[PDB]
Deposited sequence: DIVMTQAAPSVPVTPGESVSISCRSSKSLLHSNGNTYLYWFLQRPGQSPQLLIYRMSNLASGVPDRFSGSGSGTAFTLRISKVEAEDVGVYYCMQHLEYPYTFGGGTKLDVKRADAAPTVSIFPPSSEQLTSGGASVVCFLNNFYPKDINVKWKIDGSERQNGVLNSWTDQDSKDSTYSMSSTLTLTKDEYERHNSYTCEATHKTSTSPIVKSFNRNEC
């Protein structure tokens, strides 16, 4: 089998500048007919993969002029000049020369926008949920950058936390995380305060959003 290798798992890039995604193959992809059977695909967040470049250097329909493909026999490069916010996603290489066809690991493209602080909102468990037992404390952290951020849960620091991240937004290049402290009705109603501490690069002290069980 031909093994396709993309060394870089992610490349941080500020909008307007150029990027190069690398791909190496375990064997030459040069065919006797002159063509080179290397393929670039793009997968946008929440989308299906789309053909970007076919046979090393040919752009598929509608593919922006900003993209180009080159390479020798082993090393290949996807140059994305002047990156836009909608270029976010994972770029895969693929060989079409021999059976079976194989794909690279993929390189995630992340757009380096201006650092944005997280907007934090904490939410006590609903009345409908307490009626049927169990209490989920939901904490949203929306529109922030970079992606690196630590979320801490102080009650009176515990576990049972369920975290979820969105992909980088196509428009504003930001991230959003939803942290949920899943507890039982007996454990929830036993303690009082519940805080949502968030530590980010854009922060003096961490951002804190809290409430107490019997205040409102």
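Taken in order along the deposited sequence, the one stretch absent from the coordinates is 157-159.
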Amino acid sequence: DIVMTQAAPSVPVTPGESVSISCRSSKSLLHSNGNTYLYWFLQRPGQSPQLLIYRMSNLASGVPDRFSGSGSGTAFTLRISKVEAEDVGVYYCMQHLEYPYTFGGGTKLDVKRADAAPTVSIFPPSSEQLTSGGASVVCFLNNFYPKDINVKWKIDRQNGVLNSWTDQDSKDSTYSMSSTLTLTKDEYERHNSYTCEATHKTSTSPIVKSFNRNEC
From here on, numbers count along this sequence of modelled residues.
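Comparing the deposited coordinates for 98-106 and 131-139, the stretch with the larger average C-alpha B-factor is 131-139.
Higher mean CA temperature factor between 143-151 and 55-63: 143-151, per the PDB entry.
Per the PDB entry, 203 shows the highest C-alpha temperature factor of the residues 22, 25, 18, 203. Annotation for 121, 72, 77, 81: 72 ranks highest, by Cα B-factor. Ranked by C-alpha B-factor against the other modelled residues of its chain, residue 159 falls in the highest third. For residue 165, the recorded CA B-factor ranks within the middle third of the chain. Only modelled residues enter the ranking. Split the chain's modelled residues into thirds by C-alpha temperature factor. Residue 190 is in the highest one. In the deposited entry, the Cα temperature factor of residue 30 places it in the middle third of its chain's modelled residues.
Annotation for residue 182: CA B-factor lies in the highest third of the chain's modelled residues.
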